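Notes to accompany the following structure.
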Amino acid sequence: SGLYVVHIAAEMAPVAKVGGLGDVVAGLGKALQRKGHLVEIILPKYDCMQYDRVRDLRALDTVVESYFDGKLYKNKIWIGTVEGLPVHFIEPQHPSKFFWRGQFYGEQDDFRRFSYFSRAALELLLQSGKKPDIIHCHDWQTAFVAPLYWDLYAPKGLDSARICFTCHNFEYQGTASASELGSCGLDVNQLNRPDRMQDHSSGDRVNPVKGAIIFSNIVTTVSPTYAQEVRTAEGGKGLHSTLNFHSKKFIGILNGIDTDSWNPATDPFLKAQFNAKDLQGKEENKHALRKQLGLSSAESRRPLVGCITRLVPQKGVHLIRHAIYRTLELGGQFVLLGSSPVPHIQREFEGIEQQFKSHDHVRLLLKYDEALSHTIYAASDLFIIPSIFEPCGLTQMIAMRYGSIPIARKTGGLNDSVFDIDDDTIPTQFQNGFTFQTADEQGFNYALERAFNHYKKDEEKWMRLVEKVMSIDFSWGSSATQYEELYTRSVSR
Ligand SMILES: C[C@H]1O[C@H](O[C@H]2[C@H](O)[C@@H](O)[C@@H](O[C@H]3[C@H](O)[C@@H](O)[C@@H](O)O[C@@H]3CO)O[C@@H]2CO)[C@H](O)[C@@H](O)[C@@H]1N[C@H]1C=C(CO)[C@@H](O)[C@H](O)[C@H]1O
Ligand SMILES: Nc1ncnc2c1ncn2[C@@H]1O[C@H](COP(=O)(O)OP(=O)(O)O)[C@@H](O)[C@H]1O
Ligand SMILES: OC[C@H]1O[C@H](O[C@H]2[C@H](O)[C@@H](O)[C@@H](O)O[C@@H]2CO)[C@H](O)[C@@H](O)[C@@H]1O
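Here the working numbering is used: the first residue of the sequence shown is 36, the next is one more, and so on.
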């Protein structure tokens with residue numbers, strides 16, 4: 036009655052996490068495991084992995100030889116249990132030291148790093164005689180699995196599985212010169228054709244995500260609205276034509292969040308616990324965070340605006356910058372937790388931070404910090420996501436789970452999860468926050484103004500909004516069932 040489902044990905048929360056992809060792999064993984072499926076995950080063994088939620092971590096005695104550049108290479112296989120999921124971590128013994136770089140992403144040879152991993156992952160499956168019903172791969176890094184499976188593993192004895200591919204951001208396609216596709220074992224001449232993996236915008240380049248759209252039996256992305264956006268020329272980023280052709284098997288499914296990990300009632304990272312029925316502990320976290328950061332608590336009813344994000348153009352960094360000053364102008368406080376891989380963006384925020392070193396109302400925390408994010412979601416009254424585009428976004432869901440009311444731009448997943456309380460056309464049950472259309476200060480200001488007005492003018496009306504938003508189901512229940520139905524329908528076919 037239950038499927039055997041393997042997920043191959045570059046991330047899994049909390050052990051190897053950069054953003055939402057890692058969150059999703061774990062969250063969907065666990066939801067599927069509750070539904071009775073044998074779920075297993077295959078990751079790289081990064082040197083920079085987070086050890087502390089890994090149980091029973093051990094190196095197996097079986098070495099697994101894997102192909103790359105015409106030679107076979109040794110891989111140490113590790114197993115462990117990460118939040119009840121079985122995980123296989125691949126440690127390559129290739130002289131280039133692919134997962135020994137101090138970093139998850141951003142090396143000059145990422146293409147080689149993750150195409151190797153993709154090959155070795157399938158090799159691990161073959162060599163253990165595993166016969167999965169579903170192999171689910173994620174983003175460009177493991178897009179290589181789809182053509183690899185069909186070209187080299189279905190005709191070697193591994194022909195049990197259907198392939199599912201999720202793209203969590205179609206911006207990242209993994210494009211490179213065609214020469215580089217041959218490293219993992221794929222036939223360049225066969226696959227560098229317009230009906231296969233040749234890029235949309237060049238002749239001697241290949242496109243991993245395009246290959247995964249073509250070769251997979253199921254293709255998803257992470258919200259219904261984003262799925263529509265990427266079918267248009269302007270949002271598709273070259274791939275719109277391919278997605279329109281293969282539309283029958285392409286569907287957008289709104290991510291959930293892991294509501295066991297993200298739960299104010301049992302969150303171990305918090306000072307005080309709380310829930311929809313008792314917000315006592317929310318005010319206590321607001322006070323604790325102020326005290327930890329050196330923000331003023333002299334006034335009651337000063338709204339704390341939080342923002343937790345990677346600082347990259349996608350997230351509307353000019354609007355985030357503006358929001359700091361506007362929040363302050365409007366008589367609120369602001370806490371930013373974020374860092375940028377882009378130095379000019381890091382430098383711009385570093386300047387703002389110094390400006391507010393020990394200010395009573397503004398603190399900027401320019402770093403990745405898990406513990407702190409928990410207390411920021413808990414403490415904050417308002418949470419901003421003014422994204423230029425957003426495939427899904429999880430932070431707005433986590434914020435609402437912790438009672439913080441979102442202010443979001445109407446785009447991609449935010450359009451499917453955030454609904455303005457002042458728009459009459461929206462049914463009352465969905466209304467949970469504040470939105471704006473245009474990506475400029477004027478648009479953002481009107482949403483922020485209304486949110487500050489609502490917070491200040493009627494405390495008990497506001498408290499109902501918090502209660503209501505905290506009672507919304509953000510779990511994977513609903514969306515895990517949609518993935519399950521795609522899996523079963525493909526297996527039967
Ligand atoms: C958070 C984000 O993580 C992943 O994105 C990473 C890329 O996959 C990496 O390759 C790397 O991007 C570099 C490019 O490859 C390189 O060519 C150059 O353009 O520089 C880039 C930046 O160094 O780094 C990216 C992260 O910085 C993942 O693929 C992406 O999907 C993730 N974000 C989405 C995930 C979810 C979860 O479903 C959605 O909710 C969010 O809306 C997405 O934003
Ligand atoms: N600076 C940071 N410190 C701690 N957690 C962060 C930071 N930036 C982002 N996160 C976390 O990463 C995840 C972001 O996922 P998502 O909203 O899908 O955006 P993206 O995938 O583009 O980063 C959330 O769990 C969020 O709390
Ligand atoms: O090999 C070329 C071919 O690969 C994929 O074909 C799969 C197909 O998707 C599965 O349903 C099943 O029939 O196995 C096939 C492997 O040969 C792509 O789907 C197809 O478009 C591509 O050209």
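The beta carbon of each residue, even a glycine, is placed where N, CA and C say it ideally should be.
Inset, instruction - Thinking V74 and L120 are a contact (beta carbons under 8 Å), I'd like their distance in whole angstroms, please. - result: Within the sequence shown, numbered from 1, the residue matching residue 74 stands at position 39. Within the sequence shown, numbered from 1, the residue matching residue 120 stands at position 85. With a Cβ gap of about 6 Å, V74 and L120 count as contacting.
Inset, instruction - Kindly indicate which residue of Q308, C202 and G270 has the alpha-carbon position closest to the one of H409. - result: In the sequence shown, the residue the question calls residue 409 occupies position 374. Shortest Cα-Cα distance from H409 to any of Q308, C202 and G270 involves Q308.
Inset, instruction - Would you decide whether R436 is buried or exposed? Buried here means 16 or more other CB atoms lie within 10 Å of its CB. - result: Here residue 436 corresponds to residue number 401 of the sequence shown, with the count starting at 1. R436 is buried by the Cβ-count criterion.
Legend entry - Touching by the beta-carbon criterion (3+ pairs, under 8 Å), the stretch 426 to 443 and the stretch 458 to 475: yes
Legend entry - Beta-carbon proximity check, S150 vs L216, cutoff 9 Å: Taking the first residue of the sequence shown as position 1, residue 150 is located at position 115. Taking the first residue of the sequence shown as position 1, residue 216 is located at position 181. In this structure, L216 lies closer than 9 Å to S150 by Cβ.
Legend entry - Segment limits, beta strand (DSSP E) that includes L363: Counting from 1 along the sequence shown, the entry for residue 363 is found at position 328. Taken as a continuous stretch (DSSP letters only), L363 belongs to no beta strand (DSSP E), being part of the alpha helix (DSSP H) at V352 to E364.
Inset, instruction - Go through its chain and collect everything with a Cβ distance to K111's Cβ below 6 Å, but skip five positions before and after it. - result: Working through the sequence shown from its first residue, we reach residue 111 at position 76. Excluding residues within five positions, the ones whose Cβ falls inside 6 Å are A94 and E126.
Inset, instruction - For residue 604, verify whether its CB is less than 8 Å away from any heavy atom of ligand 2. - result: Limits of the chain in this structure are 36 at one end and 528 at the other, which puts residue 604 out of reach.
Legend entry - Cβ pair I76, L92 closer than 9 Å: Walking along the sequence shown from the start, residue 76 turns up at place 41. Walking along the sequence shown from the start, residue 92 turns up at place 57. In this structure, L92 does not lie closer than 9 Å to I76 by Cβ.
Inset, instruction - Evaluate the contact criterion for the stretch 372 to 382 versus the stretch 332 to 348: three or more CB pairs, one atom per stretch, below 8 Å. - result: With a cut-off of 8 Å, the stretch 332 to 348 and the stretch 372 to 382 count as touching, because enough Cβ pairs lie within range.
Inset, instruction - Would you check if there are 3 or more beta carbon pairs closer than 8 Å linking the stretch 183 to 191 to the stretch 229 to 242? - result: no
Inset, instruction - Check whether the Cβ of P121 sits closer than 8 Å to any heavy atom of ligand 3, and report yes or no. - result: In the sequence shown, counting from the first residue as 1, residue 121 sits at position 86. No, the Cβ of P121 stays beyond 8 Å of every heavy atom of ligand 3.
Inset, instruction - Please classify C202: is it buried, with 16 or more other beta-carbons within 10 angstroms of its beta-carbon, or exposed? - result: One-based indexing of the sequence shown puts residue 202 at position 167. It is buried - the Cβ of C202 has at least 16 other Cβ atoms within 10 Å.
Inset, instruction - Assign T97 to one of two classes, buried (16 or more other C-beta atoms within 10 Å of its C-beta) or exposed (fewer than that). - result: In the sequence shown, residue 97 corresponds to position 62, counting from 1. Answer is exposed; the Cβ neighbour count stays below 16.
Legend entry - Buried/exposed call for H129, threshold 16 Cβ in 10 Å: Within the sequence shown, residue 129 is the residue found at index 94, counting from 1. Buried, because 16 or more other Cβ atoms sit within 10 Å of the Cβ of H129.
Legend entry - beta-carbon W175 near ligand 1 non-hydrogen atom, thresh 8 Å: Within the sequence shown, the letter at position 140 stands for residue 175. At least one heavy atom of ligand 1 is nearer than 8 Å to the Cβ of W175, so yes.
Inset, instruction - Indicate the three-state DSSP secondary structure (helix, strand or coil) for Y518 in the structure shown. - result: As a first step, residue 518 must be located in the sequence shown, where it is residue number 483. If DSSP states are grouped into helix, strand and coil, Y518 belongs with the helices.
Inset, instruction - Tell me whether the beta-carbon of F152 lies closer than 9 Å to the beta-carbon of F139. - result: Along the sequence shown, one-based indexing puts residue 152 at 117. Along the sequence shown, one-based indexing puts residue 139 at 104. Contact flag unset, no.
Inset, instruction - Could you tell me whether any non-hydrogen atom of ligand 1 is closer than 8 Å to the CB of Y207? - result: Numbered from 1 along the sequence shown, position 172 holds the residue referred to as residue 207. Because some heavy atom of ligand 1 lies under 8 Å away, the Cβ of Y207 counts as near it: yes.
Legend entry - Strand pairing of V122, partner residues [DSSP]: Here residue 122 corresponds to residue number 87 of the sequence shown, with the count starting at 1. The partner list for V122 (beta bridge, DSSP) reads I76 and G115.
Inset, instruction - Go through its chain and collect everything with a Cβ distance to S212's Cβ below 7 Å, but skip five positions before and after it. - result: The residue you call residue 212 lines up with position 177 of the sequence shown. Only residues of its own chain outside the window of five on either side were considered, and among them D239 and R240 have a CB closer than 7 Å to the CB of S212, listed in chain order.
Legend entry - Residues sharing a beta bridge with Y108, DSSP: Within the sequence shown, residue 108 is the residue found at index 73, counting from 1. According to DSSP, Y108 bridges with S101.
Legend entry - CA-to-CA distance, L363 to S514, given in whole angstroms: To locate residue 514, count along the sequence shown from 1; it is residue 479. To locate residue 363, count along the sequence shown from 1; it is residue 328. Cα-Cα distance, rounded: 39 Å.
Inset, instruction - Answer yes or no: the CB of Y518 versus the heavy atoms of ligand 1, is any distance below 8 Å? - result: The residue you call residue 518 lines up with position 483 of the sequence shown. No, ligand 1 has no heavy atom inside 8 Å of this Cβ.
Legend entry - Under 9 Å between C-beta atoms of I169 and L38: Taking the first residue of the sequence shown as position 1, residue 169 is located at position 134. Taking the first residue of the sequence shown as position 1, residue 38 is located at position 3. Against a cut-off of 9 Å, the Cβ pair of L38 and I169 comes out as a contact.
Legend entry - Beta-carbon gap between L354 and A262 smaller than 9 Å: Locating residue 354 in the sequence shown gives position 319, counting from the first residue. Locating residue 262 in the sequence shown gives position 227, counting from the first residue. Contact: no.
Legend entry - Within 9 Å, strictly: CB atoms of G448 and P426: On the sequence shown, position 413 is the one that residue 448 refers to. On the sequence shown, position 391 is the one that residue 426 refers to. When the beta-carbon positions are compared, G448 and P426 come within less than 9 Å of each other.
Legend entry - Cut-off 7 Å between Cβ atoms - residues of its own chain near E264, not counting five sequence neighbours on either side: For the purposes of this step, residue 264 is taken as residue 229 along the sequence shown, with counting starting at 1. Excluding positions up to five away in sequence, the list reads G270 and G447.
Inset, instruction - Flag this pair as yes or no: are the beta carbons of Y102 and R154 separated by less than 9 Å? - result: Taking the sequence shown and counting its residues from 1, one reaches residue 102 at position 67. Taking the sequence shown and counting its residues from 1, one reaches residue 154 at position 119. Their beta carbons are under 9 Å apart, which means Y102 touches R154 by this criterion.
Legend entry - Straight-line Cα distance separating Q233 from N227: Locating residue 227 in the sequence shown gives position 192, counting from the first residue. Locating residue 233 in the sequence shown gives position 198, counting from the first residue. So the alpha carbons of these two residues sit roughly 5 Å apart.
Inset, instruction - Could you have a look at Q349 and say whether DSSP puts it in helix, strand or coil? - result: Residue 349 sits at position 314 when you count from the first residue of the sequence shown. It is helical.
Inset, instruction - Name, in chain order, the residues that DSSP records as bridge partners for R444. - result: What you label residue 444 is simply residue 409 of the sequence shown in a count that begins at 1. BP columns for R444 point to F471.
Legend entry - Cβ-Cβ separation, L371 to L400 (assumed contact under 8 Å), whole Å: One-based indexing of the sequence shown puts residue 400 at position 365. One-based indexing of the sequence shown puts residue 371 at position 336. Going by Cβ atoms, the distance from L400 to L371 rounds to 6 Å, so yes, they are a contact pair.
Inset, instruction - Run the proximity test for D168: is its beta-carbon closer than 8 Å to any non-hydrogen atom belonging to ligand 3? - result: Taking the sequence shown and counting its residues from 1, one reaches residue 168 at position 133. Because no heavy atom of ligand 3 lies under 8 Å away, the Cβ of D168 does not count as near it: no.
Inset, instruction - Check whether the Cβ of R231 lies closer than 8 Å to any heavy atom of ligand 3, and answer yes or no. - result: Residue mapping note: residue 231 aligns to position 196 of the sequence shown, counting from 1. Yes, the beta carbon of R231 sits closer than 8 Å to at least one heavy atom of ligand 3.
Inset, instruction - Assign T255 to one of three DSSP states: helix, strand, or coil. - result: The residue you call residue 255 lines up with position 220 of the sequence shown. Strand at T255.
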